[PDB]
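What follows is the content of my_file.csv (CSV, C-alpha atoms).
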```csv
chain,number,residue,atom,x,y,z
A,1,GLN,CA,-23.8,-2.2,-80.1
A,2,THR,CA,-25.4,-5.6,-79.7
A,3,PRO,CA,-25.2,-6.2,-75.9
A,4,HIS,CA,-23.5,-9.4,-75.0
A,5,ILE,CA,-24.5,-11.2,-71.9
A,6,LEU,CA,-22.9,-14.2,-70.1
A,7,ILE,CA,-25.0,-16.4,-67.9
A,8,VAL,CA,-23.1,-18.5,-65.5
A,9,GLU,CA,-25.7,-21.1,-64.4
A,10,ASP,CA,-25.3,-24.9,-64.1
A,11,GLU,CA,-29.0,-25.8,-64.1
A,12,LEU,CA,-30.0,-26.3,-67.7
A,13,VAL,CA,-33.6,-25.3,-67.1
A,14,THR,CA,-32.8,-21.9,-65.4
A,15,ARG,CA,-30.2,-21.2,-68.0
A,16,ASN,CA,-32.5,-21.8,-70.9
A,17,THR,CA,-35.1,-19.5,-69.4
A,18,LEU,CA,-32.6,-16.6,-68.8
A,19,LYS,CA,-31.2,-17.2,-72.3
A,20,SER,CA,-34.6,-16.9,-74.0
A,21,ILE,CA,-35.5,-13.9,-71.9
A,22,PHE,CA,-32.4,-12.0,-73.2
A,23,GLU,CA,-32.5,-13.2,-76.8
A,24,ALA,CA,-36.0,-11.6,-76.7
A,25,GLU,CA,-34.2,-8.3,-75.9
A,26,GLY,CA,-32.0,-8.8,-78.9
A,27,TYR,CA,-28.8,-9.7,-76.9
A,28,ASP,CA,-26.3,-12.3,-77.9
A,29,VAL,CA,-26.2,-14.8,-75.0
A,30,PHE,CA,-23.1,-16.8,-73.9
A,31,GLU,CA,-23.4,-19.6,-71.4
A,32,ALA,CA,-21.1,-21.1,-68.7
A,33,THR,CA,-21.6,-23.9,-66.3
A,34,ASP,CA,-18.8,-23.1,-64.0
A,35,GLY,CA,-15.9,-20.8,-63.3
A,36,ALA,CA,-13.5,-22.2,-65.9
A,37,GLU,CA,-16.1,-21.8,-68.6
A,38,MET,CA,-16.8,-18.3,-67.3
A,39,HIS,CA,-13.1,-17.2,-67.6
A,40,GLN,CA,-12.9,-18.9,-71.0
A,41,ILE,CA,-15.7,-16.8,-72.3
A,42,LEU,CA,-14.6,-13.6,-70.7
A,43,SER,CA,-11.1,-14.1,-72.3
A,44,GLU,CA,-12.4,-14.8,-75.8
A,45,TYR,CA,-15.5,-12.6,-76.4
A,46,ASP,CA,-16.8,-9.1,-75.5
A,47,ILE,CA,-19.1,-9.4,-72.5
A,48,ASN,CA,-21.2,-6.5,-71.3
A,49,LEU,CA,-23.1,-8.2,-68.5
A,50,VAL,CA,-22.6,-11.2,-66.4
A,51,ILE,CA,-25.5,-12.9,-64.6
A,52,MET,CA,-24.2,-15.3,-62.1
A,53,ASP,CA,-25.8,-17.9,-59.7
A,54,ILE,CA,-24.5,-17.4,-56.2
A,55,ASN,CA,-25.1,-21.1,-55.7
A,56,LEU,CA,-22.9,-23.1,-58.0
A,57,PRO,CA,-21.0,-26.4,-58.1
A,58,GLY,CA,-17.2,-26.0,-57.9
A,59,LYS,CA,-16.0,-22.5,-56.9
A,60,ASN,CA,-19.0,-20.7,-55.4
A,61,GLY,CA,-20.4,-17.7,-57.3
A,62,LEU,CA,-19.5,-15.2,-54.6
A,63,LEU,CA,-15.9,-16.3,-55.1
A,64,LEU,CA,-16.2,-16.2,-58.9
A,65,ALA,CA,-17.6,-12.7,-58.6
A,66,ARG,CA,-14.7,-11.7,-56.3
A,67,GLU,CA,-12.3,-12.9,-58.9
A,68,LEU,CA,-14.2,-11.2,-61.7
A,69,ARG,CA,-14.0,-8.0,-59.7
A,70,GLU,CA,-10.2,-8.2,-59.2
A,71,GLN,CA,-9.8,-8.3,-63.0
A,72,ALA,CA,-12.8,-6.3,-64.4
A,73,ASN,CA,-15.6,-3.8,-63.7
A,74,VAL,CA,-18.1,-5.4,-66.1
A,75,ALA,CA,-21.8,-5.1,-65.1
A,76,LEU,CA,-22.7,-8.0,-62.8
A,77,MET,CA,-26.0,-9.3,-61.4
A,78,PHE,CA,-26.4,-12.2,-59.0
A,79,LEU,CA,-29.2,-14.7,-59.1
A,80,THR,CA,-30.6,-16.7,-56.2
A,81,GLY,CA,-33.5,-19.1,-55.8
A,82,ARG,CA,-32.9,-18.5,-52.1
A,83,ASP,CA,-33.9,-15.3,-50.6
A,84,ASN,CA,-31.2,-14.9,-47.9
A,85,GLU,CA,-30.0,-11.5,-46.6
A,86,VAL,CA,-26.4,-12.3,-45.9
A,87,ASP,CA,-25.8,-13.6,-49.4
A,88,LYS,CA,-27.6,-10.6,-50.8
A,89,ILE,CA,-25.5,-8.0,-48.9
A,90,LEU,CA,-22.2,-9.9,-49.5
A,91,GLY,CA,-22.8,-10.1,-53.2
A,92,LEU,CA,-23.6,-6.4,-53.4
A,93,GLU,CA,-20.6,-5.7,-51.1
A,94,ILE,CA,-18.2,-7.4,-53.4
A,95,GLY,CA,-19.5,-5.3,-56.2
A,96,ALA,CA,-22.5,-6.9,-57.9
A,97,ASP,CA,-24.7,-4.1,-59.4
A,98,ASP,CA,-27.8,-6.1,-58.6
A,99,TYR,CA,-29.1,-9.1,-56.8
A,100,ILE,CA,-32.2,-10.8,-58.1
A,101,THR,CA,-34.2,-13.6,-56.3
A,102,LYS,CA,-36.6,-16.3,-57.6
A,103,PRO,CA,-39.2,-16.1,-58.6
A,104,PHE,CA,-38.6,-12.9,-60.6
A,105,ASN,CA,-40.4,-10.9,-63.2
A,106,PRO,CA,-38.6,-11.2,-66.5
A,107,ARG,CA,-39.5,-7.6,-67.1
A,108,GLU,CA,-37.9,-6.4,-64.0
A,109,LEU,CA,-34.7,-8.3,-65.0
A,110,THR,CA,-34.5,-6.9,-68.5
A,111,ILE,CA,-35.4,-3.4,-67.5
A,112,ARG,CA,-32.7,-3.4,-64.8
A,113,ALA,CA,-30.2,-4.8,-67.3
A,114,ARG,CA,-31.2,-2.2,-69.8
A,115,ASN,CA,-30.7,0.7,-67.3
A,116,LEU,CA,-27.4,-0.7,-66.1
A,117,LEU,CA,-26.1,-1.3,-69.7
A,118,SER,CA,-27.1,2.3,-70.5
A,119,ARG,CA,-24.6,3.5,-67.9
A,120,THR,CA,-21.8,1.0,-68.5
A,121,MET,CA,-21.8,0.5,-72.3
A,122,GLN,CA,-19.9,3.6,-73.5
B,1,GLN,CA,-15.8,15.5,-55.0
B,2,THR,CA,-17.8,14.3,-51.9
B,3,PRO,CA,-21.1,12.6,-52.9
B,4,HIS,CA,-24.1,14.9,-52.7
B,5,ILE,CA,-27.5,13.1,-52.1
B,6,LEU,CA,-30.9,14.7,-52.6
B,7,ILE,CA,-33.7,13.1,-50.6
B,8,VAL,CA,-37.2,13.9,-51.8
B,9,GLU,CA,-39.5,12.8,-49.1
B,10,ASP,CA,-42.4,14.5,-47.2
B,11,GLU,CA,-42.5,12.0,-44.4
B,12,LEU,CA,-40.3,13.7,-41.8
B,13,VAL,CA,-39.4,10.5,-40.0
B,14,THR,CA,-38.5,8.5,-43.1
B,15,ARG,CA,-36.6,11.5,-44.5
B,16,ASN,CA,-34.6,11.7,-41.1
B,17,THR,CA,-33.8,8.0,-41.1
B,18,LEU,CA,-32.5,8.2,-44.8
B,19,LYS,CA,-30.6,11.3,-43.9
B,20,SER,CA,-28.8,9.8,-41.0
B,21,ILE,CA,-28.0,6.6,-42.9
B,22,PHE,CA,-26.3,8.7,-45.6
B,23,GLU,CA,-24.6,11.1,-43.2
B,24,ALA,CA,-23.1,8.2,-41.4
B,25,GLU,CA,-21.3,7.6,-44.8
B,26,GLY,CA,-19.8,11.0,-45.0
B,27,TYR,CA,-22.1,12.2,-47.8
B,28,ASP,CA,-23.6,15.7,-48.0
B,29,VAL,CA,-27.4,15.3,-47.7
B,30,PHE,CA,-29.9,17.7,-49.2
B,31,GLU,CA,-33.6,17.6,-48.4
B,32,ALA,CA,-36.7,18.3,-50.3
B,33,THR,CA,-40.4,17.8,-49.7
B,34,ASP,CA,-41.9,18.1,-53.2
B,35,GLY,CA,-41.1,18.8,-56.8
B,36,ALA,CA,-40.7,22.5,-56.5
B,37,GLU,CA,-38.1,22.2,-53.8
B,38,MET,CA,-36.4,19.4,-55.6
B,39,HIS,CA,-36.1,21.4,-58.8
B,40,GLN,CA,-34.6,24.3,-56.8
B,41,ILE,CA,-31.9,22.2,-55.2
B,42,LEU,CA,-31.0,20.7,-58.6
B,43,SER,CA,-30.5,24.3,-59.8
B,44,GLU,CA,-28.6,25.5,-56.8
B,45,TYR,CA,-26.3,22.5,-56.0
B,46,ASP,CA,-24.6,19.5,-57.6
B,47,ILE,CA,-26.4,16.3,-57.0
B,48,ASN,CA,-24.9,12.9,-57.6
B,49,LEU,CA,-27.8,10.8,-56.3
B,50,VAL,CA,-31.6,11.5,-55.9
B,51,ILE,CA,-33.7,9.3,-53.6
B,52,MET,CA,-37.3,9.9,-54.1
B,53,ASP,CA,-40.6,8.7,-52.7
B,54,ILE,CA,-43.5,8.0,-55.0
B,55,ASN,CA,-46.3,9.6,-53.0
B,56,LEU,CA,-45.5,13.3,-52.5
B,57,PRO,CA,-47.6,16.4,-52.1
B,58,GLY,CA,-48.5,17.6,-55.5
B,59,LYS,CA,-47.0,15.7,-58.4
B,60,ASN,CA,-46.2,12.0,-57.5
B,61,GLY,CA,-42.6,10.8,-57.6
B,62,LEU,CA,-43.1,8.7,-60.8
B,63,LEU,CA,-44.0,11.9,-62.7
B,64,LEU,CA,-41.2,13.9,-61.1
B,65,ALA,CA,-38.8,11.2,-62.1
B,66,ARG,CA,-40.3,11.0,-65.6
B,67,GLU,CA,-39.7,14.7,-66.1
B,68,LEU,CA,-36.3,14.7,-64.4
B,69,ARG,CA,-35.3,11.9,-66.8
B,70,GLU,CA,-36.0,14.2,-69.8
B,71,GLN,CA,-33.4,16.8,-68.5
B,72,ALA,CA,-30.8,14.6,-66.8
B,73,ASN,CA,-29.4,11.1,-66.2
B,74,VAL,CA,-28.4,11.5,-62.5
B,75,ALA,CA,-28.3,8.4,-60.4
B,76,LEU,CA,-31.9,7.8,-59.1
B,77,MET,CA,-33.5,5.5,-56.5
B,78,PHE,CA,-37.2,5.3,-55.6
B,79,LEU,CA,-38.5,4.7,-52.1
B,80,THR,CA,-41.9,3.2,-51.4
B,81,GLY,CA,-43.8,2.4,-48.2
B,82,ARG,CA,-45.2,-0.7,-49.9
B,83,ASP,CA,-44.2,-3.6,-52.2
B,84,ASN,CA,-46.3,-3.1,-55.3
B,85,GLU,CA,-45.2,-4.8,-58.5
B,86,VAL,CA,-46.6,-2.3,-61.0
B,87,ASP,CA,-45.1,0.8,-59.3
B,88,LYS,CA,-41.8,-1.0,-59.0
B,89,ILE,CA,-41.7,-1.9,-62.7
B,90,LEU,CA,-42.8,1.6,-63.8
B,91,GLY,CA,-40.2,3.2,-61.7
B,92,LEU,CA,-37.5,1.1,-63.2
B,93,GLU,CA,-39.0,1.5,-66.7
B,94,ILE,CA,-38.8,5.3,-66.5
B,95,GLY,CA,-35.2,5.0,-65.5
B,96,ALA,CA,-34.7,4.6,-61.8
B,97,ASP,CA,-31.5,2.7,-61.1
B,98,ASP,CA,-33.1,1.1,-58.1
B,99,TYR,CA,-36.3,0.7,-56.3
B,100,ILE,CA,-36.4,0.2,-52.6
B,101,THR,CA,-39.2,-0.8,-50.4
B,102,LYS,CA,-39.7,-0.7,-46.6
B,103,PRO,CA,-38.6,-1.9,-44.4
B,104,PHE,CA,-35.1,-1.2,-45.8
B,105,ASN,CA,-31.8,-2.6,-44.7
B,106,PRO,CA,-29.6,0.5,-44.5
B,107,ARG,CA,-26.6,-1.7,-45.4
B,108,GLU,CA,-28.1,-2.7,-48.7
B,109,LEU,CA,-29.0,0.9,-49.3
B,110,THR,CA,-25.5,2.3,-48.7
B,111,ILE,CA,-23.7,-0.5,-50.6
B,112,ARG,CA,-26.1,0.0,-53.6
B,113,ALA,CA,-25.5,3.7,-53.4
B,114,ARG,CA,-21.8,3.2,-53.3
B,115,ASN,CA,-21.7,0.8,-56.2
B,116,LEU,CA,-23.9,3.1,-58.3
B,117,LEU,CA,-22.0,6.2,-57.4
B,118,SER,CA,-18.8,4.4,-58.5
B,119,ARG,CA,-20.3,4.1,-61.9
B,120,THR,CA,-21.7,7.6,-62.2
B,121,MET,CA,-19.2,9.8,-60.5
```
Whole structure, structure tokens version:
Amino acid sequence: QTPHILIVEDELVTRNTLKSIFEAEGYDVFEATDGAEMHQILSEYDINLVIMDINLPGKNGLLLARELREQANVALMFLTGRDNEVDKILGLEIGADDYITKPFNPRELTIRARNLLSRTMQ
Amino acid sequence: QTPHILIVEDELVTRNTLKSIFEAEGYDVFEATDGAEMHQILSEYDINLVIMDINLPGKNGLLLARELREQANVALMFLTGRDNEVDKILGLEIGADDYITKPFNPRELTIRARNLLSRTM
């Protein structure tokens, strides 16, 4: 099953990085700039994993993740370029499977996605 | 079923901390000191989550985890007394669901355990 990942990230640079990282794993990558685009994609395509920025114009990413979790149990990892404990624990608490801070090893990211996808993609 | 946690840790203080952190969550905690004791408890009881240190007496935790991963897919987290990028990536590569490093926030640890347990139990 070709894993499908959705990246919710408004910064073009960060989003292109992430996207090329996962295309290199053989994933199909979908992109979203905000919460409307996120729900649009989640409605119309199969999505096995969401990577979301906590920090995000419009509705914040914690809130988007809360909403996501009310509707779906899809695998979810948060991103932050701010190491900040409260945001880390909150995001885990609302049900993110992982929390990754800048700067990250791409390898850590794709191995964590692979292990998580191995458990959730049934 | 109540969550059963196996902690594989030869450092008595560390193992006692982890054990209290998980007891304070109403889990049943099992204790091992090395691979031999670990394998026994995995035969005797039913284990939902293994938390394992890398440096043990005898075979290191990476090897124990590597071998374990050949037999079973149980939820697995590594402990380490140091940040070290290579051990962290090997640990995840061989199949650990998480990799945690001292000093640990117990909150992060129990929330990660709960989220992971929700997926595996």
Please, which residues of chain A lie no more than 12 Å from chain B when the count uses only C-alpha atoms, and can they be set out as a ChimeraX atom specification?
-> /A:73-76,85-100,104-122
Find the residues with any atom within 10 Å of (-36.7, -17.9, -56.7); use only C-alpha atoms and the coordinates as given in the file, and write the answer as a list in words.
->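 I get residues 79, 80, 81, 82, 83, 100, 101, 102, 103 and 104 of chain A for the residues within 10 Å of that point.
The gap separating atom CA of residue B:23 from atom CA of residue B:65 is 23.6 Å, in Å to one decimal.
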Measuring atom to atom with only C-alpha atoms, identify which of A:2, A:61, A:23, A:13 is nearest to residue A:38.
-> A:61
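Computed from the coordinates, the atom CA of residue A:31 to atom CA of residue A:12 distance equals 10.1 Å.
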Contact residues around stretch 53-64 of chain B with only C-alpha atoms at 8 Å, ignoring same-chain residues under 2 positions, as a count of residues only | 16
